[PDB]
């Protein structure tokens, strides 16, 4: 997929280039993953698939020596049980669940940084938060990149957090032939059990009009 990046607290000057390269290469290689919605009135419509996307990233990063689901130390257990990935001094959270998780993940990362807890036998120095762009139709209230950008931009203006964060947004060109992974799961909601997965051709239709102030999400189609 394509990516857009926004850096906070100089994450760009802090993030190890090799560690970033491993993350970047994985996200650039990755095709857009879609699945059928079960939302009323749009049953069967294609939406961004967070299950497939998360599994792809896990399958790519673990072999690159990023540890998955690193436990959070008992002294911070009220902040959670684990972090998605980590390698050396870098933590990564892939966040496609509902929007408040952006601030939950941001604030807990701040506290981890303030106390310098270890990520991978090294104190934490920077966090990467992966999100999907607004352009893709998706479950209601799932976090999207522009939303995260706007919120973190405001927190930065007001000096709310000092931890370096590289915010990544997964995007694609509109109205362009691209390869898409389309997955069918064993149940219409929540299942992570694959029934069928195929790589197909598709594109993202731009449904904006001169009056929609670019808020319309695209329509995904596959052939």
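Residue numbers count along the first chain shown, from 1.
J.: Per the entry, where is the mean C-alpha temperature factor higher: 152 to 160 or 29 to 37?
T.: Averaging CA B-factors over each stretch, the winner is 152 to 160.
J.: Tell me which of 115 to 123 and 73 to 81 has the higher mean C-alpha B-factor in the deposited entry.
T.: The entry gives the higher C-alpha B-factor average to 115 to 123.
J.: Going by the entry, which of 110, 93, 146, 89 has the most elevated CA B factor?
T.: Highest C-alpha B-factor among the listed options: 89.
J.: Highest Cα B-factor in the deposition, which of 55, 191, 68, 195?
T.: Within the set 55, 191, 68, 195, 68 shows the top C-alpha B-factor.
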